[PDB]
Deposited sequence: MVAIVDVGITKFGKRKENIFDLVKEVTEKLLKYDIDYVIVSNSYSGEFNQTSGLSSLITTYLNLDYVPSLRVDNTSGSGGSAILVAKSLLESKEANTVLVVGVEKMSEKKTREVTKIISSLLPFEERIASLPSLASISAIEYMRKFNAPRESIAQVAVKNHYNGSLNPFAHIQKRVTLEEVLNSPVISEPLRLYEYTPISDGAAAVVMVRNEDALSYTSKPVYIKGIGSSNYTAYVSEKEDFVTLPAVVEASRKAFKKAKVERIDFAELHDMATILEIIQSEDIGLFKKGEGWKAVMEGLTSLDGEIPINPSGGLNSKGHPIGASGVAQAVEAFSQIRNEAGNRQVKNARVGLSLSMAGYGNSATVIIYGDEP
């Protein structure tokens, strides 16, 4: 299956209600013969999915809502892919949207940062450097909630959230929406001469009991989901990755868990610049959750919009040079569920 067109809007403190966010992101996608709408949304208003199809003048088109909290967008893409491949649908619109304006995760993130620094002798600044890189990338992203470059000192001086992690290292609460149109491979070239194919998806959960999680430097759901995705995609190399960096430390851990770097060496890739926009393997060229902001149900879909734009050479100043294959990770809770999607310019 392939993504053939997309919609995105600016994330942040938005004037629009949930329905108008959806109308904005899908305005240009209703020209196609959409035959299922999958809504990725966690917090909604009742019957959001039917309210949406009526609001869009798609009154008869069937819809449903997929919720996997912060992993909703990836799960929704999986459902869309399966609807297409099973031939239940031919042209699926996936819209992720959240309106947020109208043992906690931050706490677990600081526990991981402490344990990672302890086990691997990683300097504190390697974790903060992730926010420097991501704020730089986000400053190039006209849709990002935060578009402000920061130095290491500014990150490390920003207000404490959960010792040692500071404000600039966490994703903000955000409103926003993102959308993709997906079709089977046999249909893809009728829509565009450059479709972005889904090569493989992997999905996994892991124990949600904080007390039962084996440690805090690995996310076994991300490991498993990645393993499944790469197996199905039949590749072993990617050109960029959009990760689920609710805190900076998570980008590091996830970069290891998807298979890019050995466990405890992800921080070295950060300091080396391997993961910067002009590095061998850019991570979060969008700015990541760090700078994009994180409208819960939208994020997993926004990552697919990023992969589509990057592979098509349409990402402008944020362009990953010669990007042909990419990866996204959508994650619920502290690794409670993970979906990894691999995209490419070939099926």
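No C-alpha positions are given for the deposited-sequence stretches 1, 46-50, 109-128.
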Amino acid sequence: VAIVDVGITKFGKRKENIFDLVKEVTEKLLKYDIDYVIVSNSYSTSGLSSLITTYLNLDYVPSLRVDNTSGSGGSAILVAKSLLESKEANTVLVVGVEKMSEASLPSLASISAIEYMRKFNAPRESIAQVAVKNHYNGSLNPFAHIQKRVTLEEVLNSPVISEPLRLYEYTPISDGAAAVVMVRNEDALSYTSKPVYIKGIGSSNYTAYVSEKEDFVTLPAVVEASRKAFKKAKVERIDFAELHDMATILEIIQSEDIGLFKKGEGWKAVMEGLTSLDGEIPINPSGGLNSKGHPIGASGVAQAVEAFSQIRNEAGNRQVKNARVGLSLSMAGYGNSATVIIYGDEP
From here on, numbers count along this sequence of modelled residues.
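Comparing 317-325 with 58-66, the higher mean C-alpha B-factor in the PDB entry belongs to 317-325. Of the two segments, 306-314 and 45-53, the one listed with the higher mean B-factor is 45-53 (C-alpha atoms only). Across the residues 165, 196, 178, 225, the deposited record lists the maximum Cα B factor for 165.
Across 77, 183, 241, 208, the greatest Cα temperature factor reported in the deposited entry is at 208. Placement of the Cα temperature factor of residue 276 within the chain: middle third of the modelled residues, per the deposited record. Sort the modelled residues of the chain by CA B factor and residue 147 lands in the highest third.
When all modelled residues of the chain are sorted by CA temperature factor, residue 346 is found within the highest third. Among the modelled residues of its chain, residue 259 has a C-alpha B-factor that falls in the middle third according to the deposited record. The entry lists a Cα temperature factor for residue 139 that places it in the highest third of the chain's modelled residues.
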